[PDB]
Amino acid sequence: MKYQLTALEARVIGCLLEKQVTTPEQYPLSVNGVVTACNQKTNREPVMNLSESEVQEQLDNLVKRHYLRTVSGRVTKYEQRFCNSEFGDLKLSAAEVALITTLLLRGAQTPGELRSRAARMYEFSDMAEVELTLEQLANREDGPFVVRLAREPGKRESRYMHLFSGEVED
């Protein structure tokens, strides 16, 4: 299937993808864990401050679309079913989850940025590996998940952006 997640659910999806790798002792996240992860001051562009009922609306919609699943602990925790599940067709490598997650949470970035900003979800040995992982995401037969943008002035690196939010222009 194809995705056009809004910027809110792309953030919620990115938060659960991030905490699953960086903090496995708190995964799966509860509703409060999703609220806190969305409103973080670091590694979040743009910095948001969502209501509790706001992400709950987004948690429930992503559940009905089967991108999330509810786990009962009375507290209800949420696990990501966006990739690397036992049924879903979307299978990502550890490097691909890192680049995709950092793109959903931080928007359009360049391979130089994605190397350091995704280093804790996947340590890239060289800046070629971040460059091959992004290309692979764009030449997959499952459709492209990554697009390259036009170079910005005075810089030798062109930015990349995920395609789970639909149309991309520049």
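All residue numbers refer to positions in the sequence shown, first residue = 1.
### Chain break class at residue 73/residue 74 - deposited residues not modelled
Count of unmodelled residues in between: 1 to 3.
### Query
Mean C-alpha B factor from the entry: is it higher for 25-33 or for 110-118?
Higher mean C-alpha B-factor in the PDB entry: 110-118.
### Task
Could you check the entry and say whether 55-63 or 126-134 has the higher mean CA B-factor?
Looking at the record's C-alpha B-factors, the answer is 126-134.
### Query
Considering only 11, 19, 155, 162, which residue's Cα atom bears the greatest B-factor as recorded?
Largest recorded C-alpha B-factor: 155.
### Among modelled residues of the same chain, the CA temperature factor third for residue 150
According to the entry, residue 150 has a C-alpha B-factor in the chain's highest third.
#### Entry: Chain-relative CA temperature factor third for residue 47
Tercile = highest for this residue's CA B-factor.
### Message
Based on the deposited C-alpha B factors for this chain, I'd like to know if residue 40 is in the lowest, middle or highest third.
### Response
Highest third, going by the recorded CA B-factors of the chain.
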